[PDB]
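Student: For the sequence shown, the positions run 148 to 244 when the deposited numbering is used. We treat Cβ as the ideally placed atom computed from N, Cα and C, and that holds for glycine.
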Amino acid sequence: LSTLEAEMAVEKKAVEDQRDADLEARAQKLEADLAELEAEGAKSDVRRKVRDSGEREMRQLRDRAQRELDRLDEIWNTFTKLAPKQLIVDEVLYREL
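See the structure below:
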C-alpha cells in the first residue's frame, strides 16, 4: 500500500502540474491578445467577447483536468476498499484496475 499510494500521488501531482502550467499559458495568451485589442481601437464589446470566449476555453481546460483527477481518485479508492463480491460496471475503470 505504501509504494502504491506513493506512485498514485506522484501521478495525481503530474496531472495537477500540467493543469497549472497549461492554464497559465492560455491566460498569458489572452493577455497578449487583449493587448492587441487595445492597441488598435476596438469596440468595448468586441474586447469583452474575446475575454468571454477566452474565459470559457479556460474552464474547459480545468474541467478536463478535473475529470482525470476524479478518475484517478476513483481508481485508488476502488482498489484500496476492494473486496470480493463487489460489482464493477465501468469496464474502463475495471481495465485500469
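For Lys-176, which of helix, strand or coil comes out of DSSP?
Tutor: helix
Student: Report back the beta-carbon spacing between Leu-181 and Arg-206 to the nearest angstrom; my notes put them in contact at under 8 Å.
Tutor: Actually they do not touch by this definition, with Cβ atoms about 18 Å apart.
Student: Quick check: the Cα distance between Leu-148 and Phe-226, rounded to an integer number of angstroms?
Tutor: 10 Å
Student: Could you round the C-beta distance between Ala-212 and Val-162 to whole angstroms and report it? I think they count as a contact, below 8 Å.
Tutor: 7 Å
Student: In its own chain, which residues sit with a C-beta less than 7 Å from the C-beta of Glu-243, not counting the 5 before and 5 after it?
Tutor: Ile-222
Student: Please give the ranges of any alpha helix (DSSP H) in the region 149–194, keeping only runs that are unbroken, at least 4 residues long and fully inside the region.
Tutor: 149–186
Student: How close, in whole Å, do the beta carbons of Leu-184 and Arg-173 come, if the pair is a contact with beta carbons under 8 Å?
Tutor: With 8 Å as the limit, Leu-184 and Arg-173 do not qualify as a contact, their Cβ atoms being about 16 Å apart.
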